[PDB]
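Text of run-v1.txt, listed as compact mmCIF, C-alpha atoms:
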# COMPACT_ATOMS: atom_id res chain seq x y z
CA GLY D 1 -35.57 -8.88 -11.94
CA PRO D 2 -36.60 -11.50 -14.55
CA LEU D 3 -36.15 -11.27 -18.32
CA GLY D 4 -37.95 -12.30 -21.49
CA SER D 5 -35.18 -13.90 -23.55
CA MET D 6 -37.33 -15.08 -26.44
CA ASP D 7 -35.75 -17.11 -29.23
CA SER D 8 -36.58 -14.19 -31.53
CA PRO D 9 -35.79 -10.51 -30.72
CA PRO D 10 -39.11 -8.62 -30.41
CA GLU D 11 -39.95 -5.23 -31.90
CA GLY D 12 -37.60 -2.47 -30.78
CA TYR D 13 -34.71 -3.97 -28.85
CA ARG D 14 -30.97 -3.28 -28.69
CA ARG D 15 -29.71 -6.40 -30.48
CA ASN D 16 -26.59 -7.25 -28.51
CA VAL D 17 -24.64 -10.37 -27.60
CA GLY D 18 -22.57 -11.87 -24.83
CA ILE D 19 -19.69 -14.30 -24.69
CA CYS D 20 -19.13 -16.96 -22.05
CA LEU D 21 -15.53 -18.14 -22.06
CA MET D 22 -14.50 -21.20 -20.06
CA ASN D 23 -11.02 -22.56 -19.49
CA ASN D 24 -9.64 -26.07 -19.01
CA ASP D 25 -11.19 -25.92 -15.52
CA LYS D 26 -14.75 -25.43 -16.74
CA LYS D 27 -14.61 -21.99 -15.17
CA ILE D 28 -15.71 -18.69 -16.70
CA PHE D 29 -13.66 -15.73 -17.87
CA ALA D 30 -14.44 -13.04 -15.31
CA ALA D 31 -13.47 -9.39 -15.74
CA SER D 32 -14.02 -6.38 -13.49
CA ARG D 33 -15.01 -2.87 -14.56
CA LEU D 34 -12.09 -0.38 -14.42
CA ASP D 35 -13.78 1.26 -11.44
CA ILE D 36 -15.62 -1.48 -9.56
CA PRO D 37 -13.37 -4.25 -8.12
CA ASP D 38 -16.40 -6.24 -6.96
CA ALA D 39 -18.16 -6.08 -10.34
CA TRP D 40 -17.02 -9.19 -12.19
CA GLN D 41 -18.38 -10.10 -15.62
CA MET D 42 -17.71 -11.92 -18.87
CA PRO D 43 -17.14 -10.25 -22.28
CA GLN D 44 -20.20 -9.00 -24.17
CA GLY D 45 -21.18 -6.44 -26.79
CA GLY D 46 -23.70 -5.42 -29.41
CA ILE D 47 -24.37 -6.79 -32.89
CA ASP D 48 -23.71 -4.51 -35.86
CA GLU D 49 -26.37 -3.33 -38.31
CA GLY D 50 -26.54 -6.67 -40.11
CA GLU D 51 -24.07 -8.99 -38.40
CA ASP D 52 -24.48 -12.43 -36.81
CA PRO D 53 -24.64 -12.76 -32.99
CA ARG D 54 -22.12 -15.58 -32.76
CA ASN D 55 -19.68 -13.52 -34.80
CA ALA D 56 -20.47 -10.37 -32.85
CA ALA D 57 -19.94 -12.36 -29.69
CA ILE D 58 -16.55 -13.60 -30.84
CA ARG D 59 -15.46 -10.19 -32.16
CA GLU D 60 -16.79 -8.10 -29.27
CA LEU D 61 -15.06 -10.59 -27.00
CA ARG D 62 -11.78 -9.78 -28.73
CA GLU D 63 -12.04 -5.99 -28.98
CA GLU D 64 -12.78 -6.03 -25.24
CA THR D 65 -10.20 -8.48 -23.84
CA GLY D 66 -8.10 -9.51 -26.83
CA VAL D 67 -9.07 -13.12 -26.16
CA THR D 68 -9.11 -14.84 -29.53
CA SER D 69 -7.65 -18.26 -28.76
CA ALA D 70 -11.04 -19.86 -28.17
CA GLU D 71 -13.65 -22.09 -29.79
CA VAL D 72 -17.43 -22.29 -29.48
CA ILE D 73 -18.59 -25.13 -27.26
CA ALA D 74 -22.22 -24.05 -27.10
CA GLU D 75 -24.69 -21.22 -27.62
CA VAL D 76 -27.84 -19.92 -25.95
CA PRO D 77 -31.07 -20.97 -27.72
CA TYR D 78 -33.04 -17.80 -27.09
CA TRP D 79 -32.11 -14.16 -26.63
CA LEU D 80 -32.28 -11.98 -23.49
CA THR D 81 -34.13 -8.67 -23.20
CA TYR D 82 -33.26 -7.04 -19.89
CA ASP D 83 -36.08 -4.51 -19.61
CA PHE D 84 -35.82 -1.69 -17.08
CA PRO D 85 -38.28 -0.62 -14.34
CA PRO D 86 -40.87 2.18 -14.85
CA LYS D 87 -38.28 4.70 -13.66
CA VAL D 88 -35.39 3.67 -15.90
CA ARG D 89 -37.89 2.83 -18.65
CA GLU D 90 -38.63 6.50 -19.32
CA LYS D 91 -34.87 7.07 -19.32
CA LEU D 92 -34.13 4.04 -21.51
CA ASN D 93 -37.25 2.64 -23.19
CA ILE D 94 -38.61 6.04 -24.22
CA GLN D 95 -35.00 7.11 -24.81
CA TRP D 96 -35.23 5.43 -28.22
CA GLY D 97 -38.51 6.99 -29.34
CA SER D 98 -41.49 4.63 -29.28
CA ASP D 99 -40.32 1.27 -30.58
CA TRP D 100 -37.52 0.08 -28.29
CA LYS D 101 -37.95 -0.92 -24.62
CA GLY D 102 -34.80 -2.76 -23.47
CA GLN D 103 -31.78 -4.73 -24.65
CA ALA D 104 -31.97 -8.13 -26.38
CA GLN D 105 -28.70 -9.96 -25.95
CA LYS D 106 -27.86 -13.53 -26.94
CA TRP D 107 -24.98 -15.34 -25.24
CA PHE D 108 -22.54 -17.98 -26.47
CA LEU D 109 -20.13 -20.49 -24.91
CA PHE D 110 -16.42 -20.57 -25.74
CA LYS D 111 -13.34 -22.60 -24.83
CA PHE D 112 -10.08 -20.70 -24.24
CA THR D 113 -7.56 -22.67 -26.30
CA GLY D 114 -4.70 -20.25 -25.74
CA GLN D 115 -2.77 -18.36 -23.07
CA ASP D 116 -3.89 -15.80 -20.50
CA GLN D 117 -1.07 -13.51 -21.62
CA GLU D 118 -3.47 -12.46 -24.40
CA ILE D 119 -5.87 -10.78 -21.96
CA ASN D 120 -4.81 -7.13 -21.75
CA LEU D 121 -8.30 -5.72 -21.02
CA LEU D 122 -7.00 -2.66 -22.88
CA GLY D 123 -8.07 -0.69 -25.93
CA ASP D 124 -6.78 2.23 -27.96
CA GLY D 125 -9.85 4.43 -28.35
CA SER D 126 -8.77 7.62 -26.55
CA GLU D 127 -11.50 7.01 -23.96
CA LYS D 128 -10.52 4.17 -21.63
CA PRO D 129 -10.15 0.37 -21.36
CA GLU D 130 -13.00 -2.03 -20.57
CA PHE D 131 -11.98 -4.22 -17.63
CA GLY D 132 -9.42 -3.40 -14.99
CA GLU D 133 -8.85 -6.92 -13.70
CA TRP D 134 -9.87 -10.43 -14.75
CA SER D 135 -9.75 -13.99 -13.38
CA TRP D 136 -10.88 -17.60 -13.79
CA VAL D 137 -13.88 -18.39 -11.59
CA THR D 138 -16.58 -21.06 -11.77
CA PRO D 139 -19.92 -20.44 -13.50
CA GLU D 140 -21.85 -20.30 -10.24
CA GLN D 141 -18.88 -18.37 -8.82
CA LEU D 142 -18.87 -15.76 -11.57
CA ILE D 143 -22.57 -15.20 -10.93
CA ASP D 144 -21.68 -14.51 -7.30
CA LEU D 145 -18.79 -12.14 -7.97
CA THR D 146 -20.59 -10.57 -10.95
CA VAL D 147 -22.94 -7.59 -10.79
CA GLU D 148 -26.64 -8.12 -10.04
CA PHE D 149 -27.54 -6.46 -13.35
CA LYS D 150 -25.90 -9.49 -15.01
CA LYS D 151 -26.25 -12.29 -12.45
CA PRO D 152 -29.72 -13.51 -13.61
CA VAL D 153 -28.64 -12.95 -17.20
CA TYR D 154 -25.50 -15.02 -16.82
CA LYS D 155 -27.47 -17.46 -14.67
CA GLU D 156 -29.81 -18.17 -17.55
CA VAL D 157 -26.77 -18.49 -19.73
CA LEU D 158 -25.28 -21.08 -17.38
CA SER D 159 -28.50 -23.09 -17.24
CA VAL D 160 -28.23 -23.35 -21.00
CA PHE D 161 -24.56 -24.23 -20.62
CA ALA D 162 -25.34 -26.82 -17.94
CA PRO D 163 -25.20 -29.73 -20.46
CA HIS D 164 -21.83 -28.26 -21.45
CA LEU D 165 -20.52 -27.43 -17.97

Encoded form using structure tokens:
Amino acid sequence: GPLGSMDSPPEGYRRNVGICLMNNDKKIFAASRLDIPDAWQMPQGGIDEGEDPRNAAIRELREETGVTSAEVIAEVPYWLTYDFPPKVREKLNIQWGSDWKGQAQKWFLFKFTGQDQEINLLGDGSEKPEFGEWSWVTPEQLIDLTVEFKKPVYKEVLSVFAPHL
């Protein structure tokens, strides 16, 4: 399940972003989906109409875990378009019309210069929170505990963050 990344988001793609947060241990902020205890992942969201990725990364990161006490240590050079198979394609790609085809997401690195007590994984939206449980695992560890759908994505993010990890 490879990707395309590309330093420039191609025609028709869900411009989104991801945020890689590492603590004083050089680990990564892992969070599980309020349903799957084995599905660990780091914060991530989608860029607004005309907003920057880095900013979207930072903000999305907050709105999802409340984590604000952090600084950028690095950023991914290219993007990341996780296209879906021929089956999901018709349910996703063609689900946009005839221009889209996947999801282009750029990731960023961040240092948690605060306290864990800020991570509530909650959210007042009337629907439900984002993550049910979070932890501090290593980069290669997070990729293990994370979901396949994001392992290769995060993996490519780590490779970029190698000179920083």

Nearest residue to residue 81 (chain D) from the set D:97, D:43, D:102, D:163 (distances using only C-alpha atoms):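 Under the stated criterion, the closest residue is D:102.
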
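The residue that comes closest to residue 42 (chain D), out of D:164, D:151, D:54, D:15 and on the basis of all atoms listed in the file, is D:151.
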
Using CA of residue 78 (chain D) and CA of residue 48 (chain D) as the two end points, give the distance in Å to one decimal.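 Value for the CA of residue 78 (chain D)-CA of residue 48 (chain D) distance: 18.5 Å.
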
Nearest to residue 21 (chain D) among D:149, D:161, D:110, D:131, with distances taken over all atoms listed in the file: which residue is it?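 Once distances to residue 21 (chain D) are computed over all atoms listed in the file, the minimum belongs to D:110.
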
Taking all atoms listed in the file into account, name the residue in D:108, D:29, D:99, D:4 that is nearest to residue 76 (chain D).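 The shortest atom-to-atom distance to residue 76 (chain D) comes from D:108.
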
Is it possible to add N, CA, C and O atoms to region 147-165 of chain D and hand it back as a compact mmCIF listing (two decimals), in the frame of the given file?
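Written output follows (selection38.txt):
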# COMPACT_ATOMS: atom_id res chain seq x y z
N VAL D 147 -21.99 -8.61 -11.21
CA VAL D 147 -22.94 -7.59 -10.79
C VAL D 147 -24.37 -8.10 -10.94
O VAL D 147 -24.69 -8.84 -11.87
N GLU D 148 -25.24 -7.70 -10.01
CA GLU D 148 -26.64 -8.12 -10.04
C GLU D 148 -27.25 -7.94 -11.43
O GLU D 148 -27.92 -8.83 -11.94
N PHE D 149 -27.01 -6.78 -12.02
CA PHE D 149 -27.54 -6.46 -13.35
C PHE D 149 -27.20 -7.53 -14.39
O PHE D 149 -27.72 -7.50 -15.51
N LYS D 150 -26.30 -8.46 -14.06
CA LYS D 150 -25.90 -9.49 -15.01
C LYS D 150 -25.91 -10.90 -14.40
O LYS D 150 -25.66 -11.88 -15.10
N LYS D 151 -26.21 -11.00 -13.11
CA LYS D 151 -26.25 -12.29 -12.45
C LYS D 151 -27.34 -13.19 -13.04
O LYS D 151 -27.06 -14.30 -13.47
N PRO D 152 -28.61 -12.72 -13.06
CA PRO D 152 -29.72 -13.51 -13.61
C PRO D 152 -29.55 -13.75 -15.11
O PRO D 152 -30.00 -14.77 -15.63
N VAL D 153 -28.89 -12.82 -15.78
CA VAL D 153 -28.64 -12.95 -17.20
C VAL D 153 -27.65 -14.07 -17.44
O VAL D 153 -27.90 -14.98 -18.23
N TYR D 154 -26.54 -14.01 -16.72
CA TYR D 154 -25.50 -15.02 -16.82
C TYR D 154 -26.03 -16.35 -16.31
O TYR D 154 -25.72 -17.41 -16.85
N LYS D 155 -26.85 -16.28 -15.27
CA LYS D 155 -27.47 -17.46 -14.67
C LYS D 155 -28.24 -18.25 -15.71
O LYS D 155 -28.12 -19.47 -15.80
N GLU D 156 -29.03 -17.54 -16.50
CA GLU D 156 -29.81 -18.17 -17.55
C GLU D 156 -28.89 -18.72 -18.61
O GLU D 156 -29.17 -19.74 -19.24
N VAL D 157 -27.76 -18.05 -18.78
CA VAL D 157 -26.77 -18.49 -19.73
C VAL D 157 -26.14 -19.79 -19.26
O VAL D 157 -25.91 -20.71 -20.05
N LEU D 158 -25.87 -19.88 -17.96
CA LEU D 158 -25.28 -21.08 -17.38
C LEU D 158 -26.23 -22.26 -17.51
O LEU D 158 -25.83 -23.34 -17.93
N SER D 159 -27.49 -22.04 -17.15
CA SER D 159 -28.50 -23.09 -17.24
C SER D 159 -28.46 -23.72 -18.62
O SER D 159 -28.51 -24.94 -18.77
N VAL D 160 -28.32 -22.87 -19.63
CA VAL D 160 -28.23 -23.35 -21.00
C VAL D 160 -26.94 -24.14 -21.16
O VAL D 160 -26.90 -25.18 -21.82
N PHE D 161 -25.88 -23.62 -20.55
CA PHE D 161 -24.56 -24.23 -20.62
C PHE D 161 -24.38 -25.37 -19.62
O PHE D 161 -23.29 -25.92 -19.49
N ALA D 162 -25.44 -25.74 -18.91
CA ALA D 162 -25.34 -26.82 -17.94
C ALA D 162 -24.89 -28.11 -18.63
O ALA D 162 -23.93 -28.74 -18.19
N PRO D 163 -25.57 -28.52 -19.72
CA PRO D 163 -25.20 -29.73 -20.46
C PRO D 163 -23.78 -29.65 -21.00
O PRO D 163 -23.23 -30.65 -21.46
N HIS D 164 -23.19 -28.46 -20.95
CA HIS D 164 -21.83 -28.26 -21.45
C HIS D 164 -20.84 -28.04 -20.30
O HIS D 164 -19.64 -28.20 -20.47
N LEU D 165 -21.36 -27.67 -19.13
CA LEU D 165 -20.52 -27.43 -17.97
C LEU D 165 -20.44 -28.68 -17.09
O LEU D 165 -20.70 -29.79 -17.61
